[PDB]
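A.B. asks: Have a look at the structure that comes next, please.
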Amino acid sequence: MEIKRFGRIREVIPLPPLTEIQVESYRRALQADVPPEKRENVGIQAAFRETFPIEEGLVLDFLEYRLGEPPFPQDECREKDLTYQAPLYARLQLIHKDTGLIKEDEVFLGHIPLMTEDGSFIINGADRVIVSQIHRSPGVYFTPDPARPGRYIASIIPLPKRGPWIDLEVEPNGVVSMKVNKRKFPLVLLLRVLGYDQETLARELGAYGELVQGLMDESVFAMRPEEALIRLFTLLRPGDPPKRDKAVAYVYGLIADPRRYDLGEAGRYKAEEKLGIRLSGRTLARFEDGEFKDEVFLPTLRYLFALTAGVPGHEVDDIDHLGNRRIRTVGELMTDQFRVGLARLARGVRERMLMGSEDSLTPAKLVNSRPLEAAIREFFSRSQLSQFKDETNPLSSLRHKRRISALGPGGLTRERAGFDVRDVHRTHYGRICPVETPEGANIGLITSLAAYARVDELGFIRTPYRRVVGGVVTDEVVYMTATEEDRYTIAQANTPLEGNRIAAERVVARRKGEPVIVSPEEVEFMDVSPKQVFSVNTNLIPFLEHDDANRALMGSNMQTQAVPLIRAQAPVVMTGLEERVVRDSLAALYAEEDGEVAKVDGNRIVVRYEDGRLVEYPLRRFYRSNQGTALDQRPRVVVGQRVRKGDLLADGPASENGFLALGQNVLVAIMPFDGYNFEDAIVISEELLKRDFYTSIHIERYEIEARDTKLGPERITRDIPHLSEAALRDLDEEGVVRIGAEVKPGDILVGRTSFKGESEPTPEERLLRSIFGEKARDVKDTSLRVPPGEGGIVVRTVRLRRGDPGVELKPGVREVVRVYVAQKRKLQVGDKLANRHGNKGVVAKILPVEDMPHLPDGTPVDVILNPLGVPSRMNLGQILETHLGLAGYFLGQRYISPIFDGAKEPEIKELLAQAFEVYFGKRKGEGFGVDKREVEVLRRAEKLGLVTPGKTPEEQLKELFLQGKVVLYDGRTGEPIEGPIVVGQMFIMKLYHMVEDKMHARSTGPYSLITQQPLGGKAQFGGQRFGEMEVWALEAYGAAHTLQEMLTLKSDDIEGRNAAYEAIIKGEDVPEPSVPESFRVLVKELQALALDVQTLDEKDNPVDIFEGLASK
Amino acid sequence: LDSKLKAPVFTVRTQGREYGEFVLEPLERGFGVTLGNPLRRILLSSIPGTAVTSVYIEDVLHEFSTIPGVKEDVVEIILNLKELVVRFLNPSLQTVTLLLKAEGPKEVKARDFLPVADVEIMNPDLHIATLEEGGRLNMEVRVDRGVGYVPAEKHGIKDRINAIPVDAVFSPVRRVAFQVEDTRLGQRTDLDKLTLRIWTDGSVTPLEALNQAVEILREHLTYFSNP
Amino acid sequence: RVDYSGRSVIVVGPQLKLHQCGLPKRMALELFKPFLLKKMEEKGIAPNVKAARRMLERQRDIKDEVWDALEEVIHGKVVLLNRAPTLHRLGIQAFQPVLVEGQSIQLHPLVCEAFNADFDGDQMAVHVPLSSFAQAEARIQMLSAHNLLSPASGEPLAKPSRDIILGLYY
Amino acid sequence: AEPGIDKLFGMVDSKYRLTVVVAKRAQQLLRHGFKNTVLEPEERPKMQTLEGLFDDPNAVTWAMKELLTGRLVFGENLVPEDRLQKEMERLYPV
Amino acid sequence: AXXXXXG
Amino acid sequence: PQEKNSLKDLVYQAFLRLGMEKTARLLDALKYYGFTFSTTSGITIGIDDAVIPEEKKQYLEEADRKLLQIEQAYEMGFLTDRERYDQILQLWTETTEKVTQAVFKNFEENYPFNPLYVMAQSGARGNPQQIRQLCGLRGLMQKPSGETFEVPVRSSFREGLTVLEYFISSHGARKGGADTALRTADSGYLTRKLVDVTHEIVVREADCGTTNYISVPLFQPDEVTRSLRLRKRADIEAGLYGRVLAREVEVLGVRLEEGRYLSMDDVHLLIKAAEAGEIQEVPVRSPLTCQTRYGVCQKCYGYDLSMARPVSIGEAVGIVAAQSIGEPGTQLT
Amino acid sequence: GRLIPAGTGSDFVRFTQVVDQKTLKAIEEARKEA
DNA sequence: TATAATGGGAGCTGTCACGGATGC
DNA sequence: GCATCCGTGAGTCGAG
Ligand SMILES: [Mg+2]
Ligand SMILES: [Mg+2]
Ligand SMILES: [Mg+2]
Ligand SMILES: [Zn+2]
């Protein structure tokens, strides 16, 4: 159908690759395509350069490294629960100094995981994503002292785990103090160690306001750098012998050692920019010609005194500024952990260098790769910043890869974060999305990267701007750091332009974030687009300008939760970003070059290009995602079809013809309905289920292991003791459920028998045995069964057996069987729906079509929304979307309305008129006039002041229709709704929160080991936690027996619960409860602390709750 | 797919001739309000009854005037005449004119109306007006048979020049209220339960009223017969 | 953590009386399960307890008579509905359960304000009082219709809001 | 709301004493199999089954409705516990 | 992520 | 017309007079007819249902004038930067108030049945400020520092915000969110501390026989210091209703006896008497003066506020108290 | 895990006994005999 | 069971808050 | 008597 796009804003540049930060970071770190000699010193190369050479005698040096090919492809790694990775080889050479012997060998360091094309990883068969970490950028900062108003604190910050933060402060007694590892000592001493003399400090700092004299100490200058050095070592190392070389080593390692101390390249640059100096290295000082030489400290102290005195050109720093904060991407974190593991490897190397045969040592004998591996794995498996990938829809993955976390190792602990850290900084413009952050505990600490935003090589986020010269807007684009942005007056993207020239006398612009009205002569730069201010998700919200930010947050967050539907459609009203999202997420399949399509199948698509080559693209079909959403590609092309470069070959999940489909376009009427839509609840039509709208496929994986035991082996078999053929009906010869079979709760997916524990039969069992004359079988039924509330059709079975080619399991396991069960979920009561504007609700009622409010022509609405949700939530974007949707319903078209530049009320009125001519004038030719009900409603509307009195019925109906309202007939009555109701097409998604995955109930079940309380969780078939607050509720109600019953009978009291259940099944009232087991646990644990806890009567005579079992 | 349906059973609960309750369950899903609404519309508008369509009183010019010797105004007397329940014993009789003449210290009731052939007053104890010493009340009231509710302006009938047009309430049914509750037959989940409540004036019993309402509807279904 | 308890997503019954709440059939079957076994043995549905339990184990083995038996079981009984966080005693209330198709718990509108619960996907937990004592406590003390006023302010905590006020004002 | 709950709250000095009384009476009825009821056959609480009306299985309903009649006597130290037990066992064997 | 259920 | 307050008073009065069963039936009835009538009322929300008053434009232009004046005053040195700032802020605040009043006056006079106006007035949904944001100007916005921008958002949500306006508002939005998330934890903590300190308090007896009591003042000093003025209704109600009189009180020829639980009507009577100048303070039995060990007595505690009658012995007062204080905690700004 | 000293667990209301008139009078005759 | 070998090694840092002692 | 150090706490479901 026709797609009408609005807006006058022309974007000069498109959006960059949205995954580019992940891909380019990891690629930069690896340098796998760069020949060994051409590799810059960065990433793992840098780690090798720091770790080597290793001395102490023998010397093990480093030449180059290489990454081999992955032993297994991505898919196969996903299936076999293997990590997708490449082997890392490193060429080393051992050199004995005296002998001169050189033994060179290539050593195998293990594997490193490789990033996939979409920017994610595969670890142990599970897709994972490394979230970027925002932190304080290294450098030199100056901040106002909270205690002392006229004094300032200098702070020298290196990279995380690169060595200590150093604090320079002017003490109340006048002396300048330095703080390292929580130790306060006069800076004078260190300055003497650096080789400074009283003369040099006097001439350098002299112009200052007597601040110099605080640095003046006669006892310090009376001694040479050596004595001062030993003095400093005695100050920083109490009890440690003040040996000369040990002091030199400690101080060098503290400051000058590049191996143990590293400023960032960004820290280096910023330090050079702030202090106005030049660094020969990333360290605060150097060891040169036997002594220490000062790189940094003196300019820092100089700047401190200069700021304190009030000397012009010296500023305090904003640590929340995005010029002072930087982003650590995948490559940097990976490089860090790699460097740690490599250091451990080095310790191992020197260790093995001390012990051994000194004559014969190969690099292989010295190198134990294990720690290195152990590091990398540890960073991928257990790290805070390594997250389980969200595969829910393509936008989920894309957004997940664009995450920015202030948390993590070396980052903010929670409740270390005040309002400042979580605040939206003025420099967040065009860089970090102000809209998208989680609600609750993570707010502001977890953010999303802006669409046009880019992270530079230093780790700072940069946003694009257009160069403006003399009122002319060039197509030249410049990406700026916040520090660079602060230097310019930057116009807004909506400022009127005739050609390339500014058409307004007064143009709205920003100076250091501050709003200001300026002349075209004053404008240096101009915004690229309103899109650059927000995250990709936020940019998917039409009429965003009409929605309150707090609701836009929810609308943004919930698109991530959108479940892919079989019938899923692109929104009627789009922001025009729907295609790029599908493209960059690698959801859909596209044509590599121009050519003709050869073969078309559900499984695969063969294409012949201009090269004459035949390329076959296999289609991913019904593959289970991380969240269990079905990911399947479907062919959008037919045999013989001519396709150009970039054309769409096949549609990915949640994609309609290349456009992002998060849900359905439904006809909604906004009215209160019988209290069924009360408080955000939603009422939907059965016709939605009839045509399979909001129907989604979900695949669950079940897994069972047969292992060797000391009591005899477990085995998967179709022979299960004490079971009828009826139960074994769908089981195959080997005991596994067949493909295509329907499974319900209680059914057996995989039959398994296990040898019983050693059994001493109770006399009852023996007597009953003699009565029925049947030998008690050797094994028992352990078979994996369908968990309560689950089920479906079995679409796959995997069987891995030990002793079979290409298959080796973990020790003791005989074999492993997996069963994949798919189910088709129709929308039901309790499922969660939401729109892009932040209006969310659970479906309360599904009415039959005849109960649904309908149009005069007989067309029933899909969804009934309550208007009460609108005013307090202040999101009007859904209203406008509804109106334009009403227009596009009868006009049979869809629209593109970009954010902040888009469809305006008058234009929508035009489109609604065009729509009305189709909706009404059709009726007039059909031989029907205005209905009586329409007349009544028109009277009501006349009194309402919606329509002008005196006009014909058609004119008034047109007036209502233009306001987006129509006459609506109640299904049950046939009488019209008294007022005209707003009706129109709205794009609504079914979120991942579904009543089926949630609803749970328990009579009795498994209990915890020590506490003997019921387990938590649904999969554990656990009970609901009754906590302190619930207990408070029961106490306030004054219900003693209910509460006591919860604490004892229901749980944690063994005799109590057994007796209670037995009594209930017997038809007897429950008995008197007894002492809860966890109290006994408390008593014994208190005894383990050597505290005697005695339960006494009123006679103060001991009462034994253990009943003599604990007393000798 | 394969469906079996037996029942409903029609249950009746009655208090005198003034009231009744009717319960029809189980019904197929949606049939609760499908039966309910039409009957309510028919019961209110289409049920035959009697009303006072005009009133003449001596010496009074119009409706907002007052009557010397009588404590109630012309307005109040008209209101009481609206609540008068008249029943026509003969199905042939379309309309009656009832005369009332009384004076002195007396309280006029519906009994005081001079009896007419085949005309029964259901509520003879209904109060019309109180007269004082010297008070004189002479009135002729027009009673017609019809349906629904007709304002005094719409019928516009006058026997004489001083005859006052009265809002005419024909419908013997005072109120109809129904409620549809979800009920279950065996494992059938969504089945509807219809409960009907009818208020009458006693001239026509609720059960009679309902049976007339379903007959009217059934008769309308036969109108689809011959194009 | 306690036995005889469950949870689900809440949906508003308009049709519920103030003392009532919709309880999904399966949830009730699991919550009342021992009582259901007893009632099943009392009638001709099962020979004994164990047979009845094995009968309820598989979903395809479940017939209509056990649902009616379940209806007989819960009669006159009440269950506790609780929404986290519980800020005050009204955070848990007693309702006479109404067996309903679907996996959602049905809540009465008027108590929502007391629970600070809405229909946007809030969930609630169900607890089953066992003893006649506990049941009596729930009915007399904890019944939703039995507390109409705020223990804090003395003002009504149960009262028209949203749609109700809208219609009445209209 | 429970039928005549206001009157039941009027009967006792503390709202909880009502609960204790109703609960204990319910336990009496359960133990003695309803044979000790003070309710006349017409006053019996009824449950609607598939077959027809039957005696209400709920002991608390019975207890409250009994308490509403005034046919029950409540208070502290009426008789000794074991004596009450043995007498109720004599009159209505379980 | 918490609050009233964006995430 | 029936709205939230009158309906609330209806529920309360019906509780008092007719009891909680009939009150419950009344509640269900109100629910039924409320929903039923709200269904067919015709209430909906269109974009034109948010009505921008003409007056607003005037109020903008006028503002733009006054600003200039202020600016002039800054040019010639009559106003310091901070003075200018404050004057601009005050100007925009008063302007905002004016456009609000314009919106609601336009609604009341011209479109009384307008959906936003209806929902606002009835108490169903919305307050004056939100409606003001929809129809009128969005208003002033705060910087991250808490400082306010000199430039307010002049756009409504109906007109839609400019990019810069939105970005300016995001600071306030984020601040509010973080405020919520951080508030929840401390509120909960406080609740638990209160629960822990008061948990042992229960009502253990009918009377502790204390002759001690407290005097709830019906009058309070005025910030003008001029004289004593009558306290607000709700406060006096908060310190009076349900409590037992510790001494005889004779006002307006009405005897309020010692030992009397004060009904709402009794409180209102006491207020009338206070206005008549007969009584400036009320002696009352208080938990503060209660001599009952490990708790309070019945006469000192007074009403069970849930049942609107004397508290039942055995009710746990401490927990109810702690919860009563703790629940609103998340609403404290 | 004991019975809390509040509400139904209060010593005040927890010792209350319930007896029907028939049983009460039987016990009354039992006391009347001795 | 025997050449002699003789004081370790990571630390990682943007809360606050009272409050309770301890120390100057 | 005041300055400063240390130890302890920091809201509930639900799933991981
Ligand atoms: Mg139905
Ligand atoms: Mg809410
Ligand atoms: Mg919610
Ligand atoms: Zn007291």
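Every chain in the structure tokens takes a letter, A first, then B, and so on in the order presented; its residues are numbered from 1, and the ligands are numbered from 1 following the presented order.
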To check your reading of the model: which residues sit at most 8 Å from ligand 3 when counting only C-alpha atoms (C1' of nucleotides) and all ligand atoms? Write the answer as an NGL selection string.
C.D. replies: (:C and (117-122)) or (:E and (4-5))
A.B. asks: For residue 718 in chain A, please output as a short mmCIF file (atom, residue, chain, number, x, y, z; two decimals) with C-alpha atoms, in the first residue's frame all residues within 6 Å (counting only C-alpha atoms (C1' of nucleotides); exclusion window: fewer than 3 positions along the same chain).
C.D. replies:
```
data_model
loop_
_atom_site.label_atom_id
_atom_site.label_comp_id
_atom_site.auth_asym_id
_atom_site.auth_seq_id
_atom_site.Cartn_x
_atom_site.Cartn_y
_atom_site.Cartn_z
CA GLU A 734 14.65 -46.35 22.77
CA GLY A 735 12.26 -44.68 25.22
CA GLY A 751 11.81 -42.78 29.88
#
```
A.B. asks: As JSON, numbers by chain, please: every residue in range 699-943 of chain A that DSSP puts in helix (DSSP H, G or I).
C.D. replies: {"A": [725, 726, 727, 728, 763, 764, 765, 766, 767, 768, 769, 770, 771, 772, 849, 850, 851, 869, 870, 871, 872, 873, 877, 878, 879, 880, 881, 882, 883, 884, 885, 886, 887, 888, 889, 890, 891, 905, 906, 907, 908, 909, 910, 911, 912, 913, 914, 915, 916, 917, 918, 919, 921, 922, 923, 924, 925, 932, 933, 934, 935, 936, 937, 938, 939, 940, 941, 942, 943]}
A.B. asks: DSSP on the backbone: what in chain G comes out strand (DSSP E), as an MDAnalysis selection string?
C.D. replies: chainID G and resid 16:20
A.B. asks: One number please: CA of residue 151 in chain F to CA of residue 492 in chain A, in Å, one decimal.
C.D. replies: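 So the answer is 15.7 Å.
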A.B. asks: State, in Å with one decimal place, the distance from CA of residue 898 in chain A to CA of residue 9 in chain A.
C.D. replies: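 CA of residue 9 in chain A lies at a distance of 9.1 Å from CA of residue 898 in chain A.
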A.B. asks: Identify all chain A residues at most 10 Å from chain H by counting only C-alpha atoms (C1' of nucleotides); ligands do not count. Present them as a list in words.
C.D. replies: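 Every residue of chain A that passes the 10 Å test is in residues 135, 136, 157, 159, 160, 161, 162, 163, 164, 165, 166, 180, 181, 182, 240, 241, 319, 320, 410, 411, 412, 413, 414, 415, 416, 417, 418, 420 and 421 of chain A.
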A.B. asks: Could you dump the residues just selected with N, CA, C and O atoms as a short mmCIF file (atom, residue, chain, number, x, y, z; two decimals), in the first residue's frame?
C.D. replies:
```cif
data_model
loop_
_atom_site.label_atom_id
_atom_site.label_comp_id
_atom_site.auth_asym_id
_atom_site.auth_seq_id
_atom_site.Cartn_x
_atom_site.Cartn_y
_atom_site.Cartn_z
N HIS A 135 32.66 4.85 32.97
CA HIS A 135 33.34 5.17 34.22
C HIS A 135 34.02 6.53 34.17
O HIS A 135 33.97 7.22 33.15
N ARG A 136 34.65 6.91 35.27
CA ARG A 136 35.39 8.17 35.33
C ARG A 136 36.68 8.04 34.53
O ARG A 136 37.49 7.15 34.78
N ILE A 157 43.96 10.32 38.63
CA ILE A 157 43.32 9.02 38.48
C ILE A 157 43.86 8.24 37.28
O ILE A 157 43.81 8.73 36.16
N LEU A 159 43.82 4.32 35.12
CA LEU A 159 42.81 3.33 34.73
C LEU A 159 42.52 2.36 35.88
O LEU A 159 43.33 2.23 36.80
N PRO A 160 41.36 1.70 35.85
CA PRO A 160 41.00 0.70 36.87
C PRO A 160 42.05 -0.41 37.03
O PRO A 160 42.53 -0.95 36.03
N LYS A 161 42.39 -0.72 38.28
CA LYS A 161 43.38 -1.74 38.63
C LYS A 161 44.76 -1.45 38.04
O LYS A 161 45.59 -2.34 37.91
N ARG A 162 44.98 -0.19 37.68
CA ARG A 162 46.27 0.28 37.17
C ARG A 162 47.14 0.95 38.24
O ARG A 162 48.16 1.56 37.92
N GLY A 163 46.71 0.86 39.49
CA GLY A 163 47.39 1.53 40.59
C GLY A 163 46.57 2.64 41.22
O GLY A 163 45.56 3.07 40.67
N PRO A 164 47.03 3.13 42.39
CA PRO A 164 46.26 3.94 43.34
C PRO A 164 45.91 5.34 42.86
O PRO A 164 46.62 5.93 42.04
N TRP A 165 44.81 5.87 43.39
CA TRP A 165 44.44 7.26 43.19
C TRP A 165 45.26 8.11 44.15
O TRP A 165 45.45 7.74 45.31
N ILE A 166 45.73 9.26 43.68
CA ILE A 166 46.56 10.14 44.50
C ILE A 166 45.86 11.46 44.78
O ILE A 166 45.38 12.12 43.86
N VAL A 180 48.11 8.51 49.27
CA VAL A 180 48.23 7.30 48.45
C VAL A 180 47.99 6.08 49.33
O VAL A 180 48.63 5.93 50.37
N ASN A 181 47.08 5.21 48.90
CA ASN A 181 46.71 4.02 49.67
C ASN A 181 46.31 4.36 51.10
O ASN A 181 46.67 3.65 52.04
N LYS A 182 45.56 5.45 51.24
CA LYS A 182 45.15 5.97 52.55
C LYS A 182 46.32 6.32 53.46
O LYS A 182 46.35 5.94 54.63
N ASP A 240 58.72 -2.81 57.42
CA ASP A 240 59.49 -3.34 56.30
C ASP A 240 60.87 -2.69 56.30
O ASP A 240 60.98 -1.47 56.34
N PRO A 241 61.93 -3.52 56.27
CA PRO A 241 63.31 -3.02 56.28
C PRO A 241 63.59 -2.04 55.14
O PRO A 241 63.31 -2.35 53.98
N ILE A 319 32.81 16.09 37.18
CA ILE A 319 33.12 14.67 36.98
C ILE A 319 31.98 13.91 36.31
O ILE A 319 32.16 12.77 35.88
N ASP A 320 30.82 14.54 36.22
CA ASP A 320 29.67 13.93 35.55
C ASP A 320 29.59 14.39 34.10
O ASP A 320 28.73 13.93 33.34
N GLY A 410 35.11 -2.52 39.10
CA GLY A 410 35.76 -1.22 38.97
C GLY A 410 34.75 -0.09 38.80
O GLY A 410 35.13 1.08 38.68
N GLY A 411 33.47 -0.44 38.80
CA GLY A 411 32.41 0.53 38.62
C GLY A 411 31.66 0.82 39.91
O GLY A 411 32.14 0.50 41.00
N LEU A 412 30.48 1.42 39.78
CA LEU A 412 29.68 1.79 40.93
C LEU A 412 29.03 0.58 41.60
O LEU A 412 28.41 -0.26 40.93
N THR A 413 29.18 0.48 42.91
CA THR A 413 28.37 -0.43 43.70
C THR A 413 27.03 0.27 43.88
O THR A 413 26.97 1.50 43.87
N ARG A 414 25.95 -0.49 44.02
CA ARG A 414 24.66 0.15 44.27
C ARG A 414 24.64 0.71 45.69
O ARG A 414 25.30 0.20 46.59
N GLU A 415 23.87 1.78 45.86
CA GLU A 415 23.91 2.66 47.03
C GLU A 415 25.28 3.31 47.23
O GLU A 415 25.60 3.78 48.32
N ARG A 416 26.10 3.32 46.18
CA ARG A 416 27.19 4.28 46.08
C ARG A 416 26.75 5.40 45.15
O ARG A 416 27.47 6.37 44.93
N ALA A 417 25.55 5.24 44.60
CA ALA A 417 25.04 6.13 43.57
C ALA A 417 23.96 7.06 44.10
O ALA A 417 22.86 6.61 44.45
N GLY A 418 24.28 8.34 44.17
CA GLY A 418 23.32 9.35 44.59
C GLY A 418 22.48 9.80 43.41
O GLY A 418 22.29 9.05 42.46
N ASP A 420 23.32 12.46 41.58
CA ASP A 420 24.26 13.00 40.61
C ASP A 420 24.65 11.99 39.53
O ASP A 420 24.65 12.31 38.35
N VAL A 421 24.97 10.78 39.96
CA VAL A 421 25.40 9.73 39.04
C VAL A 421 24.27 9.35 38.08
O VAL A 421 24.50 9.09 36.90
#
```
A.B. asks: I'd like the interatomic distance between CA of residue 8 in chain B and CA of residue 24 in chain B, to a tenth of an Å.
C.D. replies: 6.2 Å
A.B. asks: Using only C-alpha atoms (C1' of nucleotides) and all ligand atoms, which residues have at least one atom no more than 7 Å from ligand 1? Output them as a compact mmCIF listing (two decimals) with C-alpha atoms, in the first residue's frame.
C.D. replies:
```txt
# COMPACT_ATOMS: atom_id res chain seq x y z
CA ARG B 29 -23.59 -17.55 25.43
CA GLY B 30 -24.86 -14.07 24.59
CA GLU B 181 -25.18 -13.67 35.18
CA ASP B 182 -22.68 -16.31 34.08
CA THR B 183 -23.74 -19.86 34.95
CA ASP B 190 -19.95 -19.44 29.54
CA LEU B 191 -23.70 -20.17 29.62
CA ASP B 192 -25.97 -17.20 30.43
```
A.B. asks: Pick out the closest residue to ligand 2 from this set: C:49, C:112, C:69, C:36. Count only C-alpha atoms and all ligand atoms.
C.D. replies: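 Among the listed residues, the smallest separation from ligand 2 belongs to C:112.
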A.B. asks: Could you list the protein, DNA and RNA residues that have any atom within 12 Å of ligand 4, counting only C-alpha atoms (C1' of nucleotides) and all ligand atoms, and write them as a short mmCIF file (atom, residue, chain, number, x, y, z; two decimals) with C-alpha atoms, in the first residue's frame?
C.D. replies:
```cif
data_model
loop_
_atom_site.label_atom_id
_atom_site.label_comp_id
_atom_site.auth_asym_id
_atom_site.auth_seq_id
_atom_site.Cartn_x
_atom_site.Cartn_y
_atom_site.Cartn_z
CA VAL F 202 -1.42 -4.84 72.18
CA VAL F 203 -4.57 -3.88 74.07
CA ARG F 204 -4.35 -5.94 77.25
CA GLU F 205 -7.23 -4.50 79.30
CA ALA F 206 -10.42 -2.43 79.23
CA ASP F 207 -9.09 0.30 81.53
CA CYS F 208 -5.77 1.03 83.24
CA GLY F 209 -7.55 3.47 85.52
CA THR F 210 -5.16 6.33 84.82
CA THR F 211 -6.28 9.83 85.76
CA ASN F 212 -3.73 11.20 83.28
CA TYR F 213 -4.60 12.56 79.84
CA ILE F 214 -3.56 14.97 77.09
CA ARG F 243 -10.83 9.31 71.24
CA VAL F 244 -12.35 9.08 74.73
CA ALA F 246 -10.96 12.14 80.07
CA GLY F 259 -15.63 8.23 79.18
CA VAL F 284 -8.65 13.18 76.00
CA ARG F 285 -7.39 9.71 76.93
CA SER F 286 -4.15 9.09 75.08
CA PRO F 287 -1.70 6.19 74.60
CA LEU F 288 0.93 8.68 75.77
CA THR F 289 -0.60 8.78 79.26
CA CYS F 290 -1.76 5.15 79.37
CA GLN F 291 -0.36 3.21 82.33
CA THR F 292 -1.12 -0.26 80.92
CA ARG F 293 1.97 -2.47 80.92
CA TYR F 294 3.36 -3.84 77.64
CA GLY F 295 0.62 -2.07 75.70
CA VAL F 296 -2.42 0.18 76.01
CA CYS F 297 -5.93 -0.13 77.43
CA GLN F 298 -9.25 0.24 75.59
CA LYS F 299 -10.34 3.62 76.96
CA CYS F 300 -6.98 5.27 76.25
CA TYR F 301 -6.81 3.96 72.68
CA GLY F 302 -10.43 4.68 71.80
#
```
